[PDB]
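In what follows, a single structure is set out as structure tokens and then discussed.
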Amino acid sequence: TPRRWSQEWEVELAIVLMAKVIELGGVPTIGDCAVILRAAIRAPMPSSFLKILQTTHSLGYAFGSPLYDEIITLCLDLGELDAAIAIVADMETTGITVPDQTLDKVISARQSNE
Amino acid sequence: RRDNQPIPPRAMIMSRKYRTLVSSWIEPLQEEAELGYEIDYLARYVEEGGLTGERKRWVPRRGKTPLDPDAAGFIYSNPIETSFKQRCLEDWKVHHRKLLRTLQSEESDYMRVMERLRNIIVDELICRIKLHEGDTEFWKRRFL
Amino acid sequence: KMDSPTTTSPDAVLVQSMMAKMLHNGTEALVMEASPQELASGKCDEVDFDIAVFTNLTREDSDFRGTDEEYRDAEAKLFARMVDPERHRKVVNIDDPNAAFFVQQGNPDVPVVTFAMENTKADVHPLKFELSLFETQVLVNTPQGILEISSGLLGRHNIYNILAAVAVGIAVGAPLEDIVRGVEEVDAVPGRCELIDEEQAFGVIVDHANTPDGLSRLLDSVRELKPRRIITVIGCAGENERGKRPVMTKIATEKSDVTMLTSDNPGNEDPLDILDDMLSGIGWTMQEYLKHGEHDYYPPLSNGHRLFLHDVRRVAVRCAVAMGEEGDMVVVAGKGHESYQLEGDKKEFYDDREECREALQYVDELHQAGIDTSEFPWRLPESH
Amino acid sequence: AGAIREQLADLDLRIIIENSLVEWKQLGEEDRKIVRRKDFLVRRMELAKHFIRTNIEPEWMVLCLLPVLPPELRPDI
């Protein structure tokens, strides 16, 4: 019996596929990374958010500031603050400037849950 | 990977919306993503050879030569674009068509699984119907 | 009119040659353009200028093979010859930050008349002005009094040109009534925002703007006139200037409500190939546009504007005039006063002014025939 | 006939194959017309395929020039 499509299954295949292509000499485009990222945002699995940005930046690609705002606010909507605190952690390591409003809302969220 | 064979450039061809085989089956099809900022179409124009007459023009022309570069190598052009979502749905339908076909070749429950299969194109009773495609030994027994 | 050779920069021999011809025929005064390229090349080196007029300086001419300082100093050559205080006069636009540099050029004793639109310290400056699609009305304060001018020229950039003519009239001590009559006599300098008037409810202007910065400046001058919609007809030359094709489409689609791409001078290049290069500046392709034609519907852009397309310039110009409504402006850019459409190698005769003039005459009979020309494609009565 | 030649010359033979195949499959999912329309679609996609893999242009079905038989073979015609 064939397996029925789920957006969760589609994302994990794309993460596996992107890893194989990079490790075999392929360079996915900046648009490809966003499309895989966009599918996750419609899907909610905030766990996969950390790895998609990790491979996006390992290719030297930087998303726009609104895109980083979208994923952080999406994490707060679902309450997955552990992903959000890790996402802001890796943004800081990459050195990409992070808007003040995103920092203000994550800090307020961190204070609320404590 | 096990053969130490890298992915060739022809496999990694890029579409108009700047997508490769990594993400071309997620199904907003032939559409770009947000990227958080506006796309610089002038940068794409220069990097595609637009300053020297070497750009690829997407102008339809008379003749039996495909405009899409991904149609190179195929006898009758490349397959039509089918997303991973459509493929799973088509695969799901085809299997149950076979189940409906074998059910007809051999009582209230029989009518209820009859309607359920047609509706897909009770499910516990559907799950006992076995397909034997490729099983030569089974077909030899039925031939005898 | 003289049968002037079709050279954008007359040579030194030609300038002297025709100039004597005017003398032999009884000409007493003359006005010549002093372009930076002509001044730098030394073509006008043997011209005994009496009055030197400075209008403005912006880095627009990509054709100038020199730096900004060289571009500035080239224009200063005309002002450097302002030597004789009794014979020479200076007219400067003091709104430009450079204007001080020119005033110091030449003999400082030469009289200088200053004009400005915004700087009220100028000798000649407007008190109030009104801009519309058909005319401009300006009240200008001059050292000899105030003047009332109603001109067919359009845009606030043409107010400076009026002020410069007023100041030159002021400099030569001309009668105020001659200043008003002379300015109001000029109605349409050919190809310079030339209004095509046929007693209709929308303005039609033909301009020579064929560059990204020329088109941006032109469409910003049209927008200040407050039209309801702007309809721009633009194309790109073939075999040359391949870098502006996506740029001019992005500019037109972000400043014009409706954009009509067409052919400007294909030469030996296929017109649909140039239009594909233009379409790439907004993310489209010729194939996608032609697919929308099959479904008889062209969607708008992300900003809500409309883009249409046709490779025949005569069709695209007249179809854009037929899209005009009450209180609109139709801008036919690219050619201006040029009277040729180069296809292959032959320079077929083609005037943009005639096409707009003739389309305005026959647009009435098209509308009463039931044809809906509000957009592409047209809706005939016998089509559904 | 010139209008027909423009249609033939402008045909996208690869589009014909994909359009015929999807329409053929739709009728399968769903009596003398469905069967007849199915045979029409198979003939059309068979015809398009042969043009693609040969050097015959479909627009040659409209004649622009008319060859003339040699005189010795026409010493009616």
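Letters A, B, ... go to the chains of the structure tokens in the order shown; residues in each chain start at 1; ligands are counted from 1 in the same order.
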
(request) Please return as an MDAnalysis selection string: the residues of stretch 17-64 of chain D that backbone DSSP assigns to alpha helix (DSSP H). (result) chainID D and resid 17:29 32:53

(request) Enumerate as a PyMOL selection string all residues of stretch 113-176 of chain C assigned to strand (DSSP E or B) by DSSP on the backbone, naming them with the chain letters and numbers the document uses. (result) chain C and resi 113-115+124-131+136-142+145-151

(request) Extract, using only C-alpha atoms, all DNA, RNA and protein residues at most 8 Å from residue D:2, discarding same-chain residues fewer than 3 positions from it, and format them as a PyMOL selection string. (result) chain D and resi 5-6+62

Keeping only N, CA, C and O atoms, write the selected residues as an mmCIF file, in the first residue's frame.
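Dumped to again.cif:
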```
data_model
loop_
_atom_site.group_PDB
_atom_site.id
_atom_site.type_symbol
_atom_site.label_atom_id
_atom_site.label_comp_id
_atom_site.auth_asym_id
_atom_site.auth_seq_id
_atom_site.Cartn_x
_atom_site.Cartn_y
_atom_site.Cartn_z
ATOM 1 N N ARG D 5 -2.166 27.126 -43.054
ATOM 2 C CA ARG D 5 -0.718 26.962 -43.022
ATOM 3 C C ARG D 5 -0.103 27.680 -41.828
ATOM 4 O O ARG D 5 0.862 27.188 -41.230
ATOM 5 N N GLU D 6 -0.636 28.851 -41.470
ATOM 6 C CA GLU D 6 -0.143 29.550 -40.289
ATOM 7 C C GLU D 6 -0.423 28.755 -39.021
ATOM 8 O O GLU D 6 0.401 28.732 -38.100
ATOM 9 N N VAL D 62 0.268 22.173 -46.800
ATOM 10 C CA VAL D 62 -0.277 23.281 -47.576
ATOM 11 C C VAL D 62 0.760 23.666 -48.621
ATOM 12 O O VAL D 62 1.889 24.038 -48.281
#
```

(message) Could you list, as a list in words, every residue within 8 Å of stretch 49-52 of chain A, counting only C-alpha atoms and ignoring same-chain residues fewer than 2 positions away?
(response)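 After dropping sequence-adjacent residues, the list is residues 15, 33, 36, 37, 40, 45, 46, 47, 54, 55, 56, 71, 83, 86 and 87 of chain A.
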
Generate a file of the selected residues that holds C-alpha atoms, formatted as a PDB file, in the first residue's frame.
```
ATOM      1  CA  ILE A  15      16.374  18.125   3.920  1.00  0.00           C
ATOM      2  CA  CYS A  33      16.492  27.158   0.315  1.00  0.00           C
ATOM      3  CA  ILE A  36      12.150  24.359   1.381  1.00  0.00           C
ATOM      4  CA  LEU A  37      11.923  26.910   4.198  1.00  0.00           C
ATOM      5  CA  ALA A  40       8.091  24.261   6.596  1.00  0.00           C
ATOM      6  CA  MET A  45       7.631  21.614  12.197  1.00  0.00           C
ATOM      7  CA  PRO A  46       9.738  24.196  14.075  1.00  0.00           C
ATOM      8  CA  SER A  47      12.347  21.510  14.762  1.00  0.00           C
ATOM      9  CA  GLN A  54      22.209  26.043   8.928  1.00  0.00           C
ATOM     10  CA  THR A  55      22.563  24.698   5.393  1.00  0.00           C
ATOM     11  CA  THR A  56      21.354  28.000   3.928  1.00  0.00           C
ATOM     12  CA  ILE A  71      10.114  32.371  11.427  1.00  0.00           C
ATOM     13  CA  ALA A  83      13.725  26.794  18.302  1.00  0.00           C
ATOM     14  CA  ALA A  86      18.391  28.661  18.970  1.00  0.00           C
ATOM     15  CA  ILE A  87      17.517  30.525  15.759  1.00  0.00           C
TER      16      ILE A  87
END
```

(request) Report as number ranges by chain the set of chain D residues whose atoms approach chain B to within 7 Å, with distances computed over only C-alpha atoms. (result) D: 9-10, 14, 52

(message) Taking 4 positions as the minimum chain separation for residues in the same chain, which residues sit within 9 Å of stretch 282-291 of chain C when counting only C-alpha atoms? Answer as a PyMOL selection string.
(response) (chain B and resi 17+39+41-42+57-60) or (chain C and resi 246-247+249-250+253+272-273+275-278+295-296+298+301+308-309)

Residues as selected, N, CA, C and O atoms, written as a compact mmCIF listing (two decimals), in the first residue's frame, can you do that?
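As a result, selection_12.txt now contains:
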```
# COMPACT_ATOMS: atom_id res chain seq x y z
N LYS B 17 12.55 30.42 -12.63
CA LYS B 17 12.38 30.94 -11.28
C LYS B 17 13.57 30.65 -10.38
O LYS B 17 13.47 30.82 -9.16
N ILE B 39 13.51 40.74 -5.49
CA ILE B 39 14.52 40.13 -6.35
C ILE B 39 15.13 41.20 -7.25
O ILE B 39 14.41 42.02 -7.83
N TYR B 41 16.24 41.86 -10.50
CA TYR B 41 16.16 41.31 -11.85
C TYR B 41 17.24 41.86 -12.76
O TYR B 41 17.55 41.23 -13.78
N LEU B 42 17.81 43.02 -12.44
CA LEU B 42 18.92 43.54 -13.24
C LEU B 42 20.20 42.74 -13.00
O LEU B 42 21.00 42.57 -13.92
N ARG B 57 16.97 33.87 -24.66
CA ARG B 57 15.69 34.54 -24.86
C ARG B 57 14.57 33.51 -24.85
O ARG B 57 14.63 32.51 -25.57
N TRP B 58 13.54 33.76 -24.05
CA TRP B 58 12.39 32.86 -23.95
C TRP B 58 11.27 33.32 -24.88
O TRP B 58 10.15 33.58 -24.47
N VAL B 59 11.61 33.40 -26.16
CA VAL B 59 10.70 33.83 -27.22
C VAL B 59 10.33 32.60 -28.04
O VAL B 59 11.21 31.99 -28.65
N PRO B 60 9.06 32.20 -28.07
CA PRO B 60 8.68 31.05 -28.90
C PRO B 60 8.94 31.31 -30.37
O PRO B 60 8.73 32.41 -30.88
N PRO C 246 16.29 46.02 -19.32
CA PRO C 246 15.51 45.70 -18.12
C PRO C 246 15.31 46.90 -17.21
O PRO C 246 14.33 46.93 -16.45
N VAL C 247 16.23 47.87 -17.24
CA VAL C 247 16.15 49.00 -16.33
C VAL C 247 14.99 49.91 -16.70
O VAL C 247 14.23 50.36 -15.83
N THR C 249 12.27 49.21 -18.24
CA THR C 249 10.97 48.58 -17.99
C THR C 249 10.60 48.64 -16.52
O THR C 249 9.43 48.85 -16.17
N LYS C 250 11.57 48.45 -15.63
CA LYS C 250 11.31 48.58 -14.20
C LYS C 250 10.90 50.00 -13.84
O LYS C 250 10.02 50.21 -13.00
N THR C 253 7.27 50.69 -15.29
CA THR C 253 6.22 49.97 -14.59
C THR C 253 6.03 50.43 -13.15
O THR C 253 5.00 50.10 -12.55
N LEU C 272 11.15 41.04 -31.06
CA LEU C 272 10.68 40.26 -29.92
C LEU C 272 11.82 39.84 -29.00
O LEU C 272 11.56 39.50 -27.84
N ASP C 273 13.06 39.85 -29.49
CA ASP C 273 14.20 39.54 -28.63
C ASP C 273 14.52 40.70 -27.71
O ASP C 273 14.86 40.50 -26.54
N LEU C 275 12.28 42.93 -26.74
CA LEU C 275 11.17 42.98 -25.81
C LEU C 275 11.29 41.91 -24.73
O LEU C 275 10.81 42.10 -23.61
N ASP C 276 11.91 40.77 -25.06
CA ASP C 276 12.19 39.77 -24.04
C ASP C 276 13.21 40.29 -23.03
O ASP C 276 13.09 40.02 -21.83
N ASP C 277 14.22 41.01 -23.50
CA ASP C 277 15.19 41.61 -22.59
C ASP C 277 14.54 42.65 -21.69
O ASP C 277 14.85 42.74 -20.50
N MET C 278 13.65 43.47 -22.25
CA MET C 278 12.92 44.44 -21.45
C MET C 278 12.03 43.75 -20.42
O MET C 278 11.98 44.17 -19.26
N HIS C 295 -5.25 33.12 -23.31
CA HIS C 295 -6.37 33.18 -22.38
C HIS C 295 -7.05 34.54 -22.38
O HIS C 295 -7.81 34.83 -21.45
N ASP C 296 -6.78 35.36 -23.40
CA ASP C 296 -7.35 36.70 -23.60
C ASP C 296 -7.43 37.51 -22.31
O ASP C 296 -8.41 38.22 -22.08
N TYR C 298 -4.51 39.64 -19.67
CA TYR C 298 -3.18 39.97 -19.16
C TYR C 298 -3.31 40.46 -17.72
O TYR C 298 -3.93 41.51 -17.49
N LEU C 301 0.49 43.82 -12.60
CA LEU C 301 1.73 43.56 -11.90
C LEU C 301 1.49 43.53 -10.39
O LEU C 301 0.36 43.65 -9.91
N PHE C 308 1.35 46.10 -21.22
CA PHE C 308 0.95 45.54 -22.50
C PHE C 308 2.13 45.60 -23.45
O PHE C 308 3.18 46.17 -23.13
N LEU C 309 1.98 44.99 -24.62
CA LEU C 309 3.12 44.78 -25.49
C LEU C 309 2.66 44.67 -26.93
O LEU C 309 1.61 44.09 -27.21
```

(message) As an exercise, work out the distance from atom CA of residue C:196 to atom CA of residue C:219 in Å and give it to one decimal place.
(response)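 According to the coordinates, atom CA of residue C:196 and atom CA of residue C:219 are separated by 16.9 Å.
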
(request) Determine the nearest neighbour of residue A:23 from the options A:91, A:59, A:85, A:75, counting only C-alpha atoms. (result) A:59

(message) When you look at residue D:22 with a cut-off of 12 Å (counting only C-alpha atoms), what residues show up, excluding the ones that are within fewer than 4 positions of it in the same chain? I need them as a ChimeraX atom specification.
(response) /B:80 /D:15-18,26-29,38,41-42,45

Generate the output file for the selected residues, N, CA, C and O atoms, as a short mmCIF file (atom, residue, chain, number, x, y, z; two decimals), in the first residue's frame.
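Just written: again26.cif:
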```
data_model
loop_
_atom_site.label_atom_id
_atom_site.label_comp_id
_atom_site.auth_asym_id
_atom_site.auth_seq_id
_atom_site.Cartn_x
_atom_site.Cartn_y
_atom_site.Cartn_z
N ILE B 80 6.22 15.94 -18.24
CA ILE B 80 5.51 17.09 -17.70
C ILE B 80 5.78 17.18 -16.20
O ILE B 80 5.95 16.17 -15.51
N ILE D 15 3.25 20.22 -27.13
CA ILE D 15 2.06 20.57 -26.38
C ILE D 15 0.90 19.66 -26.77
O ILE D 15 0.08 19.28 -25.92
N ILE D 16 0.81 19.29 -28.05
CA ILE D 16 -0.26 18.42 -28.51
C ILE D 16 -0.22 17.08 -27.80
O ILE D 16 -1.25 16.54 -27.39
N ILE D 17 0.98 16.53 -27.63
CA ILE D 17 1.11 15.22 -27.00
C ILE D 17 0.66 15.26 -25.54
O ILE D 17 -0.05 14.37 -25.07
N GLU D 18 1.07 16.30 -24.81
CA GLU D 18 0.71 16.37 -23.39
C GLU D 18 -0.77 16.67 -23.21
O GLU D 18 -1.40 16.11 -22.31
N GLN D 26 -8.45 11.54 -18.61
CA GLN D 26 -9.65 12.02 -17.94
C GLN D 26 -10.87 11.22 -18.39
O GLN D 26 -11.75 10.91 -17.57
N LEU D 27 -10.98 10.94 -19.69
CA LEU D 27 -12.11 10.16 -20.18
C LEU D 27 -12.08 8.73 -19.64
O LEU D 27 -13.13 8.12 -19.46
N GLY D 28 -10.89 8.20 -19.37
CA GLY D 28 -10.79 6.87 -18.80
C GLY D 28 -11.35 6.80 -17.39
O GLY D 28 -11.92 5.78 -16.99
N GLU D 29 -11.18 7.87 -16.62
CA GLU D 29 -11.68 7.87 -15.25
C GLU D 29 -13.21 7.85 -15.20
O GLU D 29 -13.79 7.37 -14.23
N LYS D 38 -11.61 9.02 -27.71
CA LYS D 38 -10.35 8.42 -27.29
C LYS D 38 -9.50 8.03 -28.49
O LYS D 38 -8.29 8.24 -28.50
N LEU D 41 -7.83 11.05 -29.97
CA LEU D 41 -6.69 11.57 -29.22
C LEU D 41 -5.45 10.72 -29.44
O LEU D 41 -4.34 11.26 -29.51
N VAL D 42 -5.61 9.40 -29.55
CA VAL D 42 -4.46 8.54 -29.80
C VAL D 42 -3.89 8.80 -31.19
O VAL D 42 -2.67 8.82 -31.38
N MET D 45 -1.89 12.18 -31.06
CA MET D 45 -0.59 12.12 -30.42
C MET D 45 0.37 11.21 -31.18
O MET D 45 1.58 11.43 -31.15
#
```

(message) Just want the 10 Å neighbourhood of residue B:21, counted on only C-alpha atoms, with same-chain residues fewer than 6 positions away dropped. Output as a list in words.
(response) residues 14, 17, 18, 21, 28 and 32 of chain A; 11, 12, 13, 14 and 15 of chain B

(request) State, in Å with one decimal place, the distance from atom CA of residue C:56 to atom CA of residue C:108. (result)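 According to the coordinates, atom CA of residue C:56 and atom CA of residue C:108 are separated by 20.0 Å.
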
With only C-alpha atoms counted and 8 Å as the cut-off, give the residues of chain B in contact with chain A, each with its shortest interatomic distance in Å and the pair that gives it, as CSV.
```
residue,atom,partner,partner_atom,distance
B:1,CA,A:24,CA,6.8
B:5,CA,A:24,CA,7.6
B:6,CA,A:24,CA,5.0
B:7,CA,A:24,CA,5.9
B:12,CA,A:26,CA,7.0
B:17,CA,A:31,CA,7.9
B:18,CA,A:31,CA,6.3
B:19,CA,A:32,CA,5.4
B:20,CA,A:28,CA,6.7
B:22,CA,A:18,CA,5.8
B:23,CA,A:32,CA,5.2
B:24,CA,A:32,CA,7.9
B:26,CA,A:39,CA,7.3
B:32,CA,A:31,CA,6.6
B:33,CA,A:35,CA,5.6
B:34,CA,A:34,CA,7.1
B:35,CA,A:63,CA,5.7
B:36,CA,A:64,CA,4.0
B:37,CA,A:64,CA,5.4
B:84,CA,A:10,CA,7.7
B:85,CA,A:5,CA,6.1
B:88,CA,A:5,CA,5.8
B:89,CA,A:4,CA,7.2
B:91,CA,A:2,CA,6.7
B:92,CA,A:2,CA,5.8
B:95,CA,A:1,CA,7.0
```

Can you spit out the residues from that selection as a CSV table (one decimal), in the first residue's frame, using N, CA and C atoms?
```csv
chain,number,residue,atom,x,y,z
B,1,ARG,N,26.9,8.4,-4.6
B,1,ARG,CA,27.9,8.6,-3.5
B,1,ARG,C,28.8,7.4,-3.4
B,5,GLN,N,30.8,9.5,-7.6
B,5,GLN,CA,30.4,10.2,-8.8
B,5,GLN,C,29.6,11.5,-8.5
B,6,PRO,N,30.2,12.6,-8.8
B,6,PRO,CA,29.5,13.9,-8.4
B,6,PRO,C,28.3,14.1,-9.3
B,7,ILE,N,27.4,14.9,-8.8
B,7,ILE,CA,26.2,15.3,-9.6
B,7,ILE,C,26.6,16.2,-10.8
B,12,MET,N,21.9,19.5,-12.5
B,12,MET,CA,21.6,20.7,-11.6
B,12,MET,C,21.2,21.9,-12.5
B,17,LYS,N,12.5,30.4,-12.6
B,17,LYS,CA,12.4,30.9,-11.3
B,17,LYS,C,13.6,30.6,-10.4
B,18,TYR,N,14.7,30.2,-11.0
B,18,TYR,CA,15.9,29.9,-10.2
B,18,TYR,C,15.7,28.9,-9.2
B,19,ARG,N,15.3,27.7,-9.6
B,19,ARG,CA,15.1,26.5,-8.8
B,19,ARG,C,15.7,25.3,-9.4
B,20,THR,N,16.3,24.4,-8.6
B,20,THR,CA,16.9,23.2,-9.1
B,20,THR,C,16.1,22.0,-8.6
B,22,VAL,N,16.6,20.3,-6.2
B,22,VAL,CA,16.5,20.3,-4.7
B,22,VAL,C,15.1,20.7,-4.3
B,23,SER,N,14.5,21.8,-4.9
B,23,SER,CA,13.2,22.3,-4.7
B,23,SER,C,12.6,22.6,-6.0
B,24,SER,N,11.9,21.6,-6.6
B,24,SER,CA,11.1,21.9,-7.8
B,24,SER,C,9.8,21.0,-7.7
B,26,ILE,N,8.1,20.6,-4.5
B,26,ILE,CA,7.3,21.3,-3.6
B,26,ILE,C,6.3,22.2,-4.4
B,32,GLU,N,8.5,31.6,-7.5
B,32,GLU,CA,9.6,31.9,-6.5
B,32,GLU,C,9.1,31.9,-5.1
B,33,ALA,N,10.0,32.1,-4.2
B,33,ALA,CA,9.7,32.2,-2.8
B,33,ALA,C,9.9,33.7,-2.3
B,34,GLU,N,9.6,34.0,-1.0
B,34,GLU,CA,9.6,35.3,-0.6
B,34,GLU,C,11.0,35.9,-0.5
B,35,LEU,N,11.9,35.2,0.1
B,35,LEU,CA,13.3,35.6,0.3
B,35,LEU,C,13.5,36.8,1.2
B,36,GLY,N,12.4,37.4,1.7
B,36,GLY,CA,12.5,38.5,2.6
B,36,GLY,C,12.8,39.8,1.9
B,37,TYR,N,13.1,39.9,0.6
B,37,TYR,CA,13.4,41.1,0.0
B,37,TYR,C,13.1,41.0,-1.5
B,84,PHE,N,5.6,16.2,-6.1
B,84,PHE,CA,5.6,15.0,-5.2
B,84,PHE,C,4.3,14.8,-4.6
B,85,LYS,N,3.5,15.8,-4.4
B,85,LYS,CA,2.1,15.6,-3.9
B,85,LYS,C,1.2,15.0,-4.9
B,88,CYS,N,2.2,11.1,-5.2
B,88,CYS,CA,1.6,10.3,-4.1
B,88,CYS,C,0.2,10.1,-4.3
B,89,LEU,N,-0.6,11.1,-4.7
B,89,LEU,CA,-2.0,10.9,-4.9
B,89,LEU,C,-2.3,10.0,-6.0
B,91,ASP,N,-0.3,7.6,-7.2
B,91,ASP,CA,0.0,6.3,-6.8
B,91,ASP,C,-1.0,5.7,-5.8
B,92,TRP,N,-1.6,6.5,-5.0
B,92,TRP,CA,-2.6,6.1,-4.1
B,92,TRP,C,-3.9,5.6,-4.8
B,95,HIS,N,-3.3,2.1,-6.9
B,95,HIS,CA,-3.3,0.9,-6.1
B,95,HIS,C,-4.8,0.4,-5.8
```

(message) Quick check, in Å to one decimal: how far apart do atom CA of residue C:199 and atom CA of residue C:313 lie?
(response)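 These atoms are spaced 23.8 Å apart.
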